[PDB]
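Undergrad: Structure in C-alpha cells, see below.
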Amino acid sequence: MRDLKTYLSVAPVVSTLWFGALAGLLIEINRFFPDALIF
Amino acid sequence: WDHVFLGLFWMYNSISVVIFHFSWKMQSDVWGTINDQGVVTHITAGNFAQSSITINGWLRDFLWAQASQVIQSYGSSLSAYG
Amino acid sequence: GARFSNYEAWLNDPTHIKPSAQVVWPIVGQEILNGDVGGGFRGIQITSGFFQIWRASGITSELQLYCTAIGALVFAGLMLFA
Amino acid sequence: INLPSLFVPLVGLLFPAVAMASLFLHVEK
Amino acid sequence: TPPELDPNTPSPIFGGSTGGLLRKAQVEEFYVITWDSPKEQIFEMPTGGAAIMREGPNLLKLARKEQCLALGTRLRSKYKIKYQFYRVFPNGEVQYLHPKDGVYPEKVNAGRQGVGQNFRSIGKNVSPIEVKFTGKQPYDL
Amino acid sequence: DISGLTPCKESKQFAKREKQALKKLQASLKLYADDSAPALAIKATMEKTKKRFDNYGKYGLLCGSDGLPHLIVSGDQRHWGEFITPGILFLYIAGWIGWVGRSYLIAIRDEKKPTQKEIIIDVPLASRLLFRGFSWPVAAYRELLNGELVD
Amino acid sequence: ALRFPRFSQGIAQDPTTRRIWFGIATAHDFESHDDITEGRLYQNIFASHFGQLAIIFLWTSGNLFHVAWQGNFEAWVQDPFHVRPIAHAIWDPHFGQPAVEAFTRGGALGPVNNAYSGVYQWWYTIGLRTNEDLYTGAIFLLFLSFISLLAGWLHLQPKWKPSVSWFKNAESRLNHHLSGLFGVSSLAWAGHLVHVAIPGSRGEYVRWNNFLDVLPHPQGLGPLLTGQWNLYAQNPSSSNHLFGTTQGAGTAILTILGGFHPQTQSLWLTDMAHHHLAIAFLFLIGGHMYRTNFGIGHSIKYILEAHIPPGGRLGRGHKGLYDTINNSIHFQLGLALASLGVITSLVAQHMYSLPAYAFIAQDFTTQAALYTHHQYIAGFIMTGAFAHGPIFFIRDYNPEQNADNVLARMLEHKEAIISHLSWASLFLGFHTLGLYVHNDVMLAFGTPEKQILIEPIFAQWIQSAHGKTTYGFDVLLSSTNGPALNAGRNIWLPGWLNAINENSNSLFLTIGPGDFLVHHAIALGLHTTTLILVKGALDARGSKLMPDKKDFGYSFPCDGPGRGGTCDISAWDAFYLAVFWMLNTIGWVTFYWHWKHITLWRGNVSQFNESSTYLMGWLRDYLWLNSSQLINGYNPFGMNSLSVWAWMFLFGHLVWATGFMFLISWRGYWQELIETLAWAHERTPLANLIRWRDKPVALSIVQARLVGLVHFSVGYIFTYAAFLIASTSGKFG
Amino acid sequence: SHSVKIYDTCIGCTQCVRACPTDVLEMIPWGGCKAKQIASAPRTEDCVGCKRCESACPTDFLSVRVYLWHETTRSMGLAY
Amino acid sequence: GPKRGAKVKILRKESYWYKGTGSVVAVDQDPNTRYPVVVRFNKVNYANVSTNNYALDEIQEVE
Ligand code: CLA
Ligand code: CLA
Ligand code: CLA
Ligand code: CLA
Ligand code: CLA
Ligand SMILES: CC1=C(/C=C/C(C)=C/C=C/C(C)=C/C=C/C=C(C)/C=C/C=C(C)/C=C/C2=C(C)CCCC2(C)C)C(C)(C)CCC1
Ligand code: SF4
C-alpha cells in the first residue's frame, strides 16, 4: 500500500493527475465563462 | 540499429509513393459517378496516363490540385484535417 | 457503434449516408466537428469500415453491438487475468 | 545567332573537356 | 630479448570468403598472426564466417593490423591462448609487431621509453596564437 | 478611434459577420427536427454566438476593416483588459508556479538522495509548499532584499 | 608537397579521394598552408583582392556588353512602361520549336531572357541612352579588369611587395579611405549626376566630346565659390516633368525636395546629387582625423587606451584592442562583414520603399528580385561575420594581452549572454507560434472573431510621427502645431509628406495585426540565429564538455562518442547549424515582403490583412495560389515561357532533398558500402584491367555537413527564386 | 598519422591501453602516481583515431588526447 | 595541505567542477605524487566520475 502510494507519487502519474485536474478546471471555466478575449 | 534507422526513411519513401500511386490511379481510372446509358465520369477524368509521367504532373495535378480540400477545410466539419 | 453512431439509419440507406461513430462535446467551438453525416445525426465520419463489417455479419440493431461490446470487455478481462 | 552557335558549344563542351582533362592530369601527378 | 621467428605453419580450416586479402596485400602490406591451439576448434573470422583452428601452430594472414589484434583479443579472452602478429611487405620483409617486448602493453614493463608524454596538465597548453607561423602545435611542446 | 479603428459596437462588418454566422448555423439547422438533439445543439451554438458578439461589443473592443476585434496593448487605460490585467494575472500565476517549484527543489537539496524526490514526488512536502505561492511577490521581494534569492 | 595540393604535404600524402576534396576546400585558408608567414599572408590576400576586383569589373562589363549586343535598351528608353528588358539572347540546341516560339519576348528576333536585375532602370537613370554608351562602358570596365589583374601581378613581384608594417598602418588607411575612397568618390559621383545624369533627364545629350563645352548651370561655378549656393536650388523640375525630355524641366542642380518624381515614382536626381555632395563633404572633413606623417592627428591606440571608465565596471576598458584587432585579420573581417551585412539589409529596406531608379518600382518582379537578393546576401554575410568572429577567438585571441578588457570580460559572463539569448528566443517562439496556432484553431472552428489580433501601435505611432495620417495619432510631423513640422515645413516636408501619404507606393506601407505577428517571427529568427552564432563564438575556445577545444581548431568532426557524445561540438558546426536558421529567417522576411507587395500591386491588401493572421492563410493564399501559373509552365497540353521556372522550381526541390540525404545519413554506412564496391571492382573481369589511383572512400563527417548544407541552400534559393519570379512576372502585379 | 599525447594527470589505470583496437599505447614505469606507471604512445602510425582510449580514461580532464592529423591508409582503416 | 573532509574550491580550469566545491578524501604524502589531493564531488561529470586528483595549487579551502 505504501509502495502503491509511492508509485502514485511517481513523475508520470503525478503529471497525469495534475494535468488532468488542470484540464478539467480550464474546461469548466471555459464552459461557464466562454469566448473570453478580455480578462 | 542505424541501418534500421535509415531503412525507416526509405520505407516511408516507398510506401508514400505506393499510396500516392493507389490514390491517383483510383481517382483517375476507376472511381467516379456513372450516368444512365453507361457514361462514366471519373473523379479526375483519366489524367493519370498523361500526367503521372512527369514529376511536375504529380506536383501540380496530384498534390497541388488535390490538396485543395484540405487547405480550405476550415470552418467546416473537416477542419480538423486542416 | 452502438451508443454514438448512425448505424441503423445507415442500414436504411447505405448509399446516401456517411458512416459516423464519433461525436464531440460542445466546448471551445469544437462542436463544428460534428458534421452532417446523414441519418439525422451530427458527428465525425469514420473510415475504419466497421459499418460494412457489421452489415456483413448480419447485425441490425444497436443492442447486438452493445452485447458484442460487453463480450469484448469480458474477453479483455480474461486476457489480462490470463 | 551566328556567334552563339560557335561560342556556346565552345564554352559548354570544349572548354569543360579541356579544363577537366587538364585538372585531372594535374591532380593525378 | 629477441623477437619471435616466423616460419611456414599450416593455416586454419576455412572454405574461403570474400572478406580476405586484396591488392593492398600485394602492393602495400599485409599482416600475419600466429597462435598455438590445444585442440581443433571453431572460431569466428574477423573477416566474417566461421573457421577451424588446428591443434598446434596456426598461421593466418589478414589485411589489417586491427583484424589481427581483434582476432588475438578473441583468442586470449575466449580460448585462453597466447598469440603474436607481424607486418609483411611485398619485397618479402617481415616486421614483428605484437606483443612488442614480449609483455602485453596493459601491464608495465621496464625498458620502454616514453613517447609523446607531456609533463604538464592538459589545460596548461598554450593558445594557438603562441604557435602561429611556426610548425609547432600547442600539444607538441 | 485608436489606430484609425472603429468600435465593434459601431462596426458594420462586425454585425455582418454575426449575421452570416447565424445564417450559416440556421441553414444547417433546417434539416433537423426541432426537438431532436442536433437541433438543440445548433441552436445552442447560435445563442452562444450572438452572446459572444454582444459581449465583445459591450467590452468596448475596437474592430478593423475586417470586422474583427483588434487589441490595444500600448498601456491605454481604456483597454487594460486587453493585455495589462490578464498579463498581471498571468505573471501572478507563473510566479506562483516557479516560486513553489523553487521551494520544493531547495527543500530536498540537502538530503541523502535528492534525485529520488525529483522522480518520485514528496506529495506531503508539495502540499505544504503549495499555498506558499499565494504570497510569492511578498516572499520573493523580501528574499531579494535579504540576499537569499541568488548566490 | 610532391603533388596536389602543393600547399599542404599533409593532404598531399593522402592516398584517398579525400586528398582532392580537401585540396579544393582549403585552398583559400592561407593561414594553414605550409611554410606561410605574415608577409605571405597579407601579400596573397592583397593579390586576391585585386583578383576579386578584376572578376567584378569583368562581370559588369559582361552585363553591359550583353545588354548592348542582344538587348532592347533603346526600345526600353523610348518606352520603359511597356517593354520587358532583355538580359541576353539564348542559344540552346536542346530547344524544340514551341520553346523557341515561347521564349521570343520583347522585340527580339529569337529566344531571350527578361532581365530582373534592374540594370535598365539604373543605367537609364544615370545617363546611358544608347547601345554605344553601353559598349564604351563595357570596354572601360574590361580595361579596369586588366588593370586590376596587372596590379595584383605587380604587387606580387619583389619590387612592389608591400611589407607587413605597411598593411598594419591603420591611421593612414582610414584617413585615405574616408577622405578618398568614400569622400572623393562620392564627390565625383555628384559630379557625374550634375554633369551627365541631370542634363540627361532634362533631355540634354552630354558626353565626353562636349562636356567641356556645356554649362551644368546657367551661371555655373560662380555661386559655389561665392557662397550663394542657394542659386543652385532656384528652380527645380516641375511636377509635370517628363523624364528624358525638356518638358517641365527646371535648371536647379542641387535640391532637398523629398518625395518622388511623379512620373518615374523615384527620387529626384537633384536630391541625390545634393545628397552625395553633402556626404562627400562629411567624409572629406572626417578623413583628416588620424595622424600620419605631418605631426597632427589622433592616435587610435591612445584613444582606445583612454576610454576606460573610472570605477572599473568595464575593467581595463579598451586597452590593447588596437593590437588585437590590427594583428588579427579575422577580427577585421568580422567587423567588416557585420557592418556590410547591416548596410546590405539597409540597402534592401531603403531601395524597396525609396527607389532611386526611373521607372523601377513599376517593375514589380525586379523589385521583388532585388529585395530577396539583397536580404539573402545580407543573411549569409551576417553568418560569415559571426563565423570569422570565433576564428579570431581560436586562431588569434591572446588572453593575457587582453586581460580584463571588454573582450576578456565578454568571455567571462558568456553563460549570461547565451542564457539570455536563449530566454529571448524561447519566449518569442512560444508566444508567436502560440498566437498563430490559436488563430488557426479559431479560423478552423469558424470563429475568426475570437482571434487574438494585436495592433502594431508602436510602429504605427512611428509612422504617424513621420507624417502618415492613416492611424490619426497626430504626432510631431502629423501634428500641425509641432515645431518639428514648422522647422522643415518649407523644405523637404511638402514632397515627403506628399509621398508618405500616397498609399500606392511602398513608402511606409500601412500595417495591421498580421504585420505584428510576422514581425515577431522575424524577431524570433534574428534572436535564435544570433543565439547559435554567439554561443558558437564564445564556446569556440572551450566548454565544460571540451575545455581544450581551441587546441583542435575552428573545424573538426567531433571529439568522439565518449563523455556522452560530442557531435556538432566545433564552432564551425555552430555556424553550419546557424545557416539553417538564417535561411529560415530570411525565408520569413522575404515571404512577408513578397506577399504584402503582391497584395498591394494586385489592389487588395485586405487579402494579406485577413489571411496573414493564421498559418493556413500563408500556406493557402500565398503559397498555394501564386503557384498556379508557375506549375503550368509545362503540362501534357503544351508549354510556355514559364517552363524554365517550373523546371527550376522542381530542380530546387530535388537539390534540397539531396541535401537532406547528406544531412541525415552519416559516414560509416557509406564507408562500408564503398568497401563492398571496392571488392566488387577488384573481382570483376575486364573491369579488373582498370584500377584507381586514389582509393575510394566515403566523404568526411565535416565534408558531409558542408556538402549537405550546400545542396540545402542551393535548393532553397533556386526554389524560392523560381517561385518569386514566376508568380510575380506571370501576372506582373 | 594521428597524434596521441599523454599528460601527467595520468593515474596509470591502464584502461586506455587495453581499449585500443590497433595496439598503439603501452604502460611505462613512472613515479608521479601511486600506480607507479604512466601511458605512452610509441605506435601512432597504426593509430586510427577511434578515441576509445579517451572514452576509457577516468581523469578530469583527460590524460590521453587524440588530435586527428595527417590522413594515411592505416589511419583511414582501409583494407584495400 | 588541507585536512580530510575539508571543503575546497576547484581552481583547475579544465575541470568539470571548476569554480565549484568538493570534499577532500585523502592527501598523498609521497612528494613525488604530482596530484595528491583526492577530491570527491556531489555531482558526476560527463564521464560519470565523482572523484578526481588535484595538486596543492588547484584547491582552495573555503567555508
Ligand atoms: C564576365 C561575365 C560574362 C558572362 C556571365 C557571360 C555569359 C555568356 N556569354 Mg558573354 N562575353 C563577355 C562576358 C560574359 N558573358 C564579355 C566581356 C565578352 C566580350 C569578349 C563576351 C563575348 C561573348 C560572345 C561573342 C558570346 C557570348 C555568349 C555568352 C553566353 C554563352 C556563354 C559563352 O559561350 O560566352 C563565351 C564568353 C567569352 C568567349 C568571353 C569571356 C572571356 C573572358 C575575358 C574570360 C572569362 C574567364 C572566366 C571568368 C573563367 C570562369 C571559369 C573558371 C572560374 C573555372 C553566356 C550568357 C554567347 C552568347 O551570347 O549566346 C547567346 C556568345 O556567342 N559572350
Ligand atoms: C552545355 C553545353 C552543351 C551543348 C552545346 C550541348 C548540345 C547538344 N546536346 Mg547536350 N548535354 C549536355 C550539354 C550540352 N549539350 C549536358 C551537360 C548533358 C547532361 C545533362 C547533355 C545531355 C544530352 C543528351 C542525352 C543528348 C544531348 C544532345 C545534344 C545535341 C542536341 C540534339 C540535336 O538534335 O543535335 C544534333 C546532333 C547531331 C546531329 C549529332 C552530334 C554529333 C556531334 C556534333 C559530333 C561531335 C564530334 C566531336 C569529336 C565531339 C568532341 C567534343 C569534345 C572533344 C569536347 C546538341 C549537340 C543529343 C545528342 O547528342 O544527339 C546525338 C542527345 O541525345 N545532350
Ligand atoms: C569577405 C568575404 C570573405 C572572405 C575573404 C572569407 C575568407 C575565408 N573564409 Mg569565410 N565566410 C564568409 C565570408 C568570407 N570568408 C561568409 C559570407 C560565410 C558564410 C557562408 C563565411 C563562413 C566561413 C566558414 C564556416 C569557414 C570560412 C573559412 C574562410 C577561410 C577559408 C576559405 C576557403 O578556403 O574555402 C574554400 C572554398 C570552397 C570550399 C568552395 C566554396 C563554395 C561553396 C561550398 C558553395 C559552392 C556551391 C555552388 C555555388 C553551387 C553551384 C550552383 C549550381 C549547380 C546551380 C578564408 C579565410 C574557413 C576557415 O578557414 O575558418 C578557419 C571556414 O571553415 N568562412
Ligand atoms: C519547424 C521545425 C523547428 C522548430 C519548431 C524548432 C524550434 C526550436 N529550435 Mg530549431 N532547428 C531546426 C528546426 C526547428 N526548430 C532545424 C531544421 C535546425 C538545423 C539543425 C535547427 C537547429 C537549431 C539550433 C542550433 C537551435 C535551435 C533552437 C530552437 C528553439 C528556439 C527557441 C524557441 O523558439 O522556443 C519556442 C519553442 C518551440 C518553438 C518548440 C515548440 C514547443 C511546443 C509548442 C510546446 C509543447 C506543445 C504541446 C504541449 C506538446 C505535446 C506533445 C505531446 C507528445 C506530449 C526552438 C525550440 C535553439 C534553442 O534550443 O534555443 C533554446 C538553438 O540554439 N534549432
Ligand atoms: C531526393 C534526394 C535524393 C537523391 C537524388 C538520392 C539518391 C540516391 N540515394 Mg538517397 N537518401 C536521401 C535522398 C536522396 N537520395 C535522403 C533524404 C536520405 C536519408 C534517409 C537518403 C539515404 C540513403 C541511403 C541509406 C541510401 C541512399 C542511396 C541513394 C542512391 C540509390 C541508387 C540510385 O538510384 O542511383 C541513381 C541516381 C539517381 C536516381 C539520382 C538522379 C540521377 C540523375 C537524374 C542523373 C543525371 C544525369 C547526369 C549525372 C547529370 C550530370 C550533369 C552535370 C555533369 C552537369 C541514389 C544516388 C542508396 C545507395 O547508395 O545505393 C546504391 C542507399 O543505400 N540514400
Ligand atoms: C563574434 C565576434 C565578433 C563579431 C561580432 C559581430 C558579428 C557582431 C555583430 C554586431 C551587429 C550586427 C551589431 C549591430 C548594431 C546596430 C546598431 C548599433 C544600430 C544602431 C542604430 C542607431 C544608433 C540608430 C538610431 C536612429 C534611429 C533608430 C532612428 C532615427 C535615426 C537615428 C540615427 C537617430 C568580433 C569580430 C567583433 C570579435 C569578437 C568575436
Ligand atoms: S585512438 Fe583509437 S586507436 Fe588511436 S590510440 Fe586511442 S584508441 Fe588506439
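Every chain in the C-alpha cells has a letter given in the order shown (A, B, ...), and although residue numbers restart at 1 in each chain, ligands are simply numbered from 1 in the order shown.
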Could you pull the residues within 10 Å of residue 137 of chain E, counting only C-alpha atoms, minus those fewer than 2 positions along the same chain, as a list in words?

TA: residues 125, 126, 127, 128, 130, 131, 132, 134, 135, 139, 140 and 141 of chain E; 551 and 552 of chain G

Undergrad: Could the residues in this selection be saved with N, CA, C and O atoms as a compact mmCIF listing (two decimals), in the first residue's frame?

TA:
```txt
# COMPACT_ATOMS: atom_id res chain seq x y z
N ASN E 125 48.18 23.96 -21.87
CA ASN E 125 48.61 24.12 -23.25
C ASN E 125 48.49 25.57 -23.69
O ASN E 125 47.51 26.24 -23.37
N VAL E 126 49.49 26.05 -24.43
CA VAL E 126 49.49 27.42 -24.92
C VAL E 126 48.41 27.63 -25.98
O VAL E 126 48.02 26.69 -26.68
N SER E 127 47.92 28.86 -26.09
CA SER E 127 46.92 29.21 -27.10
C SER E 127 47.54 29.12 -28.49
O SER E 127 48.76 29.24 -28.63
N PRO E 128 46.72 28.89 -29.51
CA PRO E 128 47.21 28.78 -30.89
C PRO E 128 48.03 29.98 -31.35
O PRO E 128 48.95 29.82 -32.16
N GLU E 130 50.20 31.54 -29.76
CA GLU E 130 51.56 31.33 -29.29
C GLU E 130 52.38 30.54 -30.31
O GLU E 130 53.61 30.61 -30.31
N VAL E 131 51.70 29.77 -31.16
CA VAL E 131 52.41 28.94 -32.13
C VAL E 131 52.12 29.34 -33.58
O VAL E 131 52.43 28.59 -34.51
N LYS E 132 51.51 30.51 -33.77
CA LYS E 132 51.23 31.00 -35.12
C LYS E 132 52.51 31.19 -35.91
O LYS E 132 53.52 31.67 -35.38
N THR E 134 54.61 29.16 -36.79
CA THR E 134 55.59 28.13 -36.51
C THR E 134 55.03 26.82 -37.04
O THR E 134 53.88 26.77 -37.49
N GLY E 135 55.81 25.75 -36.98
CA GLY E 135 55.33 24.45 -37.42
C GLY E 135 54.82 23.64 -36.25
O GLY E 135 54.41 22.49 -36.40
N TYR E 139 50.23 21.11 -28.47
CA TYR E 139 50.39 19.84 -27.78
C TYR E 139 51.72 19.16 -28.11
O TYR E 139 52.03 18.09 -27.57
N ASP E 140 52.50 19.78 -28.98
CA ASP E 140 53.81 19.25 -29.36
C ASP E 140 54.92 19.77 -28.45
O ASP E 140 56.06 19.29 -28.51
N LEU E 141 54.60 20.76 -27.62
CA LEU E 141 55.57 21.34 -26.71
C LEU E 141 55.85 20.41 -25.53
O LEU E 141 56.44 19.34 -25.69
N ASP G 551 42.47 23.75 -29.05
CA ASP G 551 43.64 23.00 -29.50
C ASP G 551 43.34 22.17 -30.74
O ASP G 551 44.23 21.56 -31.32
N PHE G 552 42.08 22.17 -31.16
CA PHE G 552 41.65 21.37 -32.30
C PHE G 552 41.31 22.24 -33.52
O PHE G 552 41.27 21.75 -34.64
```

Undergrad: Please identify the residues whose atoms come within 6 Å of ligand 6, using only C-alpha atoms and all ligand atoms, and report them as JSON, numbers by chain.

TA: {"G": [331, 334, 335, 338, 385, 386, 389, 390, 537]}

Undergrad: Kindly provide, as a PyMOL selection string, all nucleotide and amino acid residues lying within 6 Å of ligand 3, counting only C-alpha atoms and all ligand atoms.

TA: chain G and resi 25-29+380-381+383-384+387+391+554+572+575+710

Undergrad: Can you write out the residues you just picked, keeping C-alpha atoms, as a JSON list (two decimals), in the first residue's frame?

TA:
```json
[["chain", "number", "residue", "atom", "x", "y", "z"],
["G", 25, "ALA", "CA", 38.37, 23.15, -49.82],
["G", 26, "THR", "CA", 41.40, 24.59, -48.01],
["G", 27, "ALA", "CA", 42.86, 26.45, -50.98],
["G", 28, "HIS", "CA", 41.97, 29.89, -49.64],
["G", 29, "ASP", "CA", 42.74, 29.28, -45.97],
["G", 380, "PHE", "CA", 24.94, 34.89, -45.49],
["G", 381, "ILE", "CA", 27.24, 37.86, -44.91],
["G", 383, "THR", "CA", 26.57, 34.37, -40.60],
["G", 384, "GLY", "CA", 30.05, 34.83, -42.06],
["G", 387, "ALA", "CA", 31.97, 32.88, -38.34],
["G", 391, "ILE", "CA", 38.09, 32.01, -35.83],
["G", 554, "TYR", "CA", 37.79, 26.05, -35.94],
["G", 572, "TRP", "CA", 32.27, 25.51, -37.46],
["G", 575, "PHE", "CA", 27.95, 28.10, -37.96],
["G", 710, "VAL", "CA", 25.31, 23.40, -49.80]]
```

Undergrad: Using only C-alpha atoms, determine which residues lie at most 8 Å from segment 672-678 of chain G, disregarding the query and same-chain residues fewer than 6 positions distant; provide the list as a compact mmCIF listing (two decimals) with C-alpha atoms, in the first residue's frame.

TA:
```txt
# COMPACT_ATOMS: atom_id res chain seq x y z
CA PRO G 696 37.71 5.48 -52.99
CA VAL G 697 36.47 6.48 -49.55
CA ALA G 698 33.31 7.99 -48.08
CA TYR H 80 42.21 -2.18 -49.83
```

Undergrad: What residues have any atom no more than 6 Å from ligand 7 when counting only C-alpha atoms and all ligand atoms, and can you list them as a PyMOL selection string?

TA: chain H and resi 20-22+24+47-53

Undergrad: Could you list, as a CSV table (one decimal) with C-alpha atoms, in the first residue's frame, the residues of chain G having an atom within 9 Å of chain F when counting only C-alpha atoms?

TA:
```
chain,number,residue,atom,x,y,z
G,446,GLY,CA,-15.5,29.1,-37.8
G,447,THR,CA,-14.9,31.9,-35.3
G,448,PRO,CA,-12.3,34.3,-36.6
G,449,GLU,CA,-13.8,37.0,-34.3
G,450,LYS,CA,-12.1,35.1,-31.4
G,451,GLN,CA,-8.6,35.6,-33.0
G,452,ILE,CA,-6.0,37.4,-30.9
G,453,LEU,CA,-5.1,40.3,-33.2
G,454,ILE,CA,-2.6,42.7,-31.6
G,455,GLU,CA,-2.3,46.1,-33.3
G,456,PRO,CA,1.2,47.4,-34.0
G,457,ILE,CA,0.6,50.6,-32.0
G,458,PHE,CA,4.3,51.4,-31.7
G,460,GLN,CA,2.1,52.9,-36.4
G,461,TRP,CA,3.0,55.7,-33.9
G,470,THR,CA,-3.9,56.8,-41.5
G,471,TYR,CA,-3.9,56.0,-37.8
G,472,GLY,CA,-4.6,59.6,-36.8
G,473,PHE,CA,-2.3,59.8,-33.8
G,512,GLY,CA,-2.1,45.7,-39.1
G,513,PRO,CA,-2.0,42.6,-36.8
G,606,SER,CA,-7.4,43.0,-47.4
G,609,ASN,CA,-4.6,41.7,-43.9
G,610,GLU,CA,-7.1,38.9,-43.3
```

Undergrad: Which protein, DNA or RNA residues have an atom within 8 Å of ligand 1, counting only C-alpha atoms and all ligand atoms, as a list in words?

TA: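 The distance check yields residues 1, 2, 3, 4, 5, 6, 7, 8, 9, 10, 11, 12 and 19 of chain D; 55, 58, 59, 60, 61, 62, 63, 65, 66, 70, 88, 89, 90, 91, 138 and 142 of chain G.
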
Undergrad: Using DSSP on the backbone, list every residue of chain B that comes out as strand (DSSP E or B), and give them as JSON, numbers by chain.

TA: {"B": [33, 34, 40, 41]}

Undergrad: Restricted to C-alpha atoms, what would the selected residues look like written as a tab-separated table (two decimals), in the first residue's frame?

TA:
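The resulting file, again.tsv, is shown below:
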```tsv
chain	number	residue	atom	x	y	z
B	33	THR	CA	-20.02	8.54	-60.95
B	34	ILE	CA	-21.91	6.67	-63.65
B	40	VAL	CA	-18.70	7.08	-66.55
B	41	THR	CA	-17.27	10.34	-65.21
```

Undergrad: Please return as a list in words the residues found within 7 Å of ligand 4, counting only C-alpha atoms and all ligand atoms.

TA: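 These are the residues that qualify: residues 422, 423, 425, 426, 427, 428, 429, 430, 433, 434, 524, 528, 531, 532, 574, 577, 578, 580 and 581 of chain G.
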
Undergrad: Selected residues, C-alpha atoms, written as a PDB file, in the first residue's frame, please.

TA:
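Full text of result19.pdb as output:
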```pdb
ATOM      1  CA  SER G 422      18.083  31.504 -25.084  1.00  0.00           C
ATOM      2  CA  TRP G 423      15.346  33.111 -22.984  1.00  0.00           C
ATOM      3  CA  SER G 425      14.315  33.062 -28.412  1.00  0.00           C
ATOM      4  CA  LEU G 426      12.266  30.749 -26.190  1.00  0.00           C
ATOM      5  CA  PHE G 427       9.751  33.486 -25.288  1.00  0.00           C
ATOM      6  CA  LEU G 428       9.331  34.751 -28.846  1.00  0.00           C
ATOM      7  CA  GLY G 429       8.925  31.203 -30.152  1.00  0.00           C
ATOM      8  CA  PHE G 430       6.397  30.057 -27.568  1.00  0.00           C
ATOM      9  CA  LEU G 433       3.786  30.042 -32.528  1.00  0.00           C
ATOM     10  CA  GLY G 434       1.146  30.034 -29.798  1.00  0.00           C
ATOM     11  CA  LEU G 524      12.437  35.117 -33.231  1.00  0.00           C
ATOM     12  CA  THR G 528      17.756  32.453 -32.431  1.00  0.00           C
ATOM     13  CA  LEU G 531      21.957  32.550 -30.216  1.00  0.00           C
ATOM     14  CA  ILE G 532      23.596  29.831 -32.318  1.00  0.00           C
ATOM     15  CA  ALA G 574      27.718  26.041 -34.788  1.00  0.00           C
ATOM     16  CA  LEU G 577      23.609  24.918 -37.703  1.00  0.00           C
ATOM     17  CA  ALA G 578      23.113  28.695 -37.757  1.00  0.00           C
ATOM     18  CA  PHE G 580      19.540  26.795 -41.350  1.00  0.00           C
ATOM     19  CA  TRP G 581      18.132  29.435 -39.019  1.00  0.00           C
TER      20      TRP G 581
END
```

Undergrad: Please identify the alpha helix (DSSP H) residues within segment 31-69 of chain H (assignment by DSSP from backbone atoms) and present them as a list in words.

TA: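 DSSP on the backbone gives alpha helix (DSSP H) at residues 52, 53, 54, 55 and 56 of chain H.
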
Undergrad: Please find the residues of chain I near chain E - the criterion being any atom within 8 Å, counting only C-alpha atoms - and write them as an MDAnalysis selection string.

TA: chainID I and resid 12:14

Undergrad: Write the residues of the preceding selection, restricted to C-alpha atoms, as a short mmCIF file (atom, residue, chain, number, x, y, z; two decimals), in the first residue's frame.

TA:
```cif
data_model
loop_
_atom_site.label_atom_id
_atom_site.label_comp_id
_atom_site.auth_asym_id
_atom_site.auth_seq_id
_atom_site.Cartn_x
_atom_site.Cartn_y
_atom_site.Cartn_z
CA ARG I 12 41.79 23.74 -12.30
CA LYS I 13 40.21 25.49 -15.29
CA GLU I 14 39.59 22.36 -17.38
#
```

Undergrad: To check your reading of the model: which residues sit at most 12 Å from ligand 5 when counting only C-alpha atoms and all ligand atoms? Write the answer as a PyMOL selection string.

TA: (chain B and resi 2-14+55) or (chain D and resi 12-13+16-17+20) or (chain G and resi 650-674+676-677+698+708+711-712+715)
